[PDB]
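For reference, the structure is listed below as structure tokens.
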Amino acid sequence: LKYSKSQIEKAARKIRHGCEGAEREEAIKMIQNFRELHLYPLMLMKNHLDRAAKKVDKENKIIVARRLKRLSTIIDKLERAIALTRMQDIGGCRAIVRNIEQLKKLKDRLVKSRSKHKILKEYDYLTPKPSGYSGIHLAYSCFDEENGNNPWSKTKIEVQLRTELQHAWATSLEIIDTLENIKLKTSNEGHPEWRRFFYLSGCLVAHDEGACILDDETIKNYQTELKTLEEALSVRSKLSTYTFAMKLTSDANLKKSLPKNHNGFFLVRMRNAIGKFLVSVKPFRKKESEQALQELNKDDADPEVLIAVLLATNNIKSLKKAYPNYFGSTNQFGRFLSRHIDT
Amino acid sequence: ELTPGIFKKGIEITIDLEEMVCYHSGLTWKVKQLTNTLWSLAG
Ligand SMILES: Nc1ncnc2c1ncn2[C@@H]1O[C@H](COP(=O)(O)OP(=O)(O)OP(=O)(O)O)[C@@H](O)[C@H]1O
Ligand SMILES: [Mg+2]
Ligand code: NA
């Protein structure tokens, strides 16, 4: 219940070197305590950010999201060299703005704020990162200098600023990365085509947004590569099909048909009728995964089937929770891809 | 522990279950739920 910052740094060193047993259970308990200390400052920064976003946009169209980083994610990060007490994002906030002008207007307001929470670092990623990621991160230290008997002194909270198109790119990257099982963050090796697809589309997003303007020769060669990579990967089709399958599993009638503890697969199939089409979503228990794969290969071999996809329900659930407006984003990203490919 | 997704076939498609409309193959399809797990798309 009462662990000092020295005990927490020492608990994090234990997980890095690979502890086990009772030693591991004490280390994880101290780290969970440290994780819980970020809850109040996370929610405080979220209201601070919502109050500042309502000032820059009187229409109230800025979407604000927040998340406390999961214990399992923190534990995995330490055993893969980031220091636990140097981590900037145990608590993280995000503001999604309409355009770059709105983005810079919100950044200026947060930077000019006179509060006890200090921006220790401003990360300008308006020129995309090697992944294709673009936006702005603000690394806050809550109750930085004015402390006393405050348990929340120097609590690190991350603030992400993004436009709708930068967010549509990031949502599409998370959907593909999760559902295709390509570990893009996990490793810097493998899937060079998918890596290059997301980098070039990212560069073209920051160009269209006005975040980082590329010259005309670069636009032309990037569009040629984008058309090539997209055909090889079938990005627009995979992105549409995944979104369509996710949309159907949210149906109310479908959810009562489900077994109460469903934790297996969903088989989404579309076929021609004897112009008319039949769409079905078939639930499968986790134990029936071999039966689900067999039924998927039968639909893949059928010429009357246009859509055939197998999706784990737990992955669908977490993507819907992380991205409430996932369908608006995948639609926008697919339209953006068509504008650059069909030039 | 299981594979999050296995993609075999797909097309560019959008569906809105509030409006009960679907868009694919350059056409507009009216959606109707036949059973809890089954739908039909008609011209
Ligand atoms: N600042 C933030 N505000 C809101 N949501 C965030 C923020 N940072 C991450 N998320 C989202 O929370 C979800 C969980 O992500 P997770 O914590 O596992 O990894 P990550 O923070 O994105 O990256 P990393 O582990 O490389 O530092 C993702 O959908 C991610 O986009
Ligand atoms: Mg992070
Ligand atoms: Na979203």
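First the proteins, then the strands, lettered A, B, ... as listed; each starts at 1. Worth knowing before you read on, the calculation uses all heavy atoms, side chains too, and leaves out hydrogens, waters and symmetry mates.
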May I ask you to test the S280(A)-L38(B) pair for a side-chain heavy-atom distance under 4.5 Å?
yes
So do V281(A) and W39(B) actually touch side chain to side chain, heavy atoms under 4.5 Å?
yes
Take a 6.0 Å sphere around NZ of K298(A) and say whether it holds more than 12 heavy atoms from other residues, nucleotides or ligands.
yes
Which bit of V268(A) comes within less than 4.5 Å of chain B, counting heavy atoms only: side chain, backbone, both or neither?
neither
Flag yes if more than 12 heavy atoms outside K227(A) fall under 6.0 Å of its NZ atom; otherwise flag no.
no
Whatever's closer than 4.5 Å to a heavy atom in chain B on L293(A) counts as side chain
Donor-acceptor pair, side chain of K247(A) and main chain of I15(B), under 3.5 angstrom:
yes
Heavy atoms from other residues, nucleotides or ligands near CD of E231(A) exceed 12 (cutoff 6.0 Å)
no
Exam field: side chain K256(A) to backbone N36(B), donor-acceptor pair closer than 3.5 Å:
no
Polar side-chain atom of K9(B) near backbone of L306(A) as donor-acceptor pair, under 3.5 Å:
no
What option among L179(A), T241(A), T313(A), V279(A) has the most heavy-atom pairs under 4.5 Å with chain B?
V279(A)
What residue in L254(A), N297(A), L310(A), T178(A) has the most heavy-atom pairs under 4.5 Å with chain B?
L310(A)
Report yes if some heavy atom in the side chain of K8(B) is under 4.5 Å from a heavy atom in the side chain of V305(A); otherwise report no.
no
Measure centre to centre between the rings of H24(B) and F244(A), then say whether the value is under 6.0 Å.
no
Please flag which part of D299(A) lies under 4.5 Å from any non-hydrogen atom of chain B: side chain, backbone, both or neither.
backbone
Spacing of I13(B) atom CD1 and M270(A) atom CE [to the nearest 0.5 Å]:
3.5 Å
One pair to check against side-chain contact (heavy atoms from CB on, under 4.5 Å): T37(B) and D251(A). What are the steps and the verdict?
CA-CA 9 Å; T37(B) 56; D251(A) 185 76; over 6 Å; no
What is the minimum heavy-atom distance between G10(B) and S237(A), and which atoms define it?
O-OG, 3.8 Å
Heavy-atom pairs under 4.5 Å with chain B, option from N331(A), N253(A), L267(A), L311(A) with the top count
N253(A)
If I measure from the heavy atoms of chain B, does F327(A) come under 4.5 Å with its side chain, its backbone, both, or neither?
neither
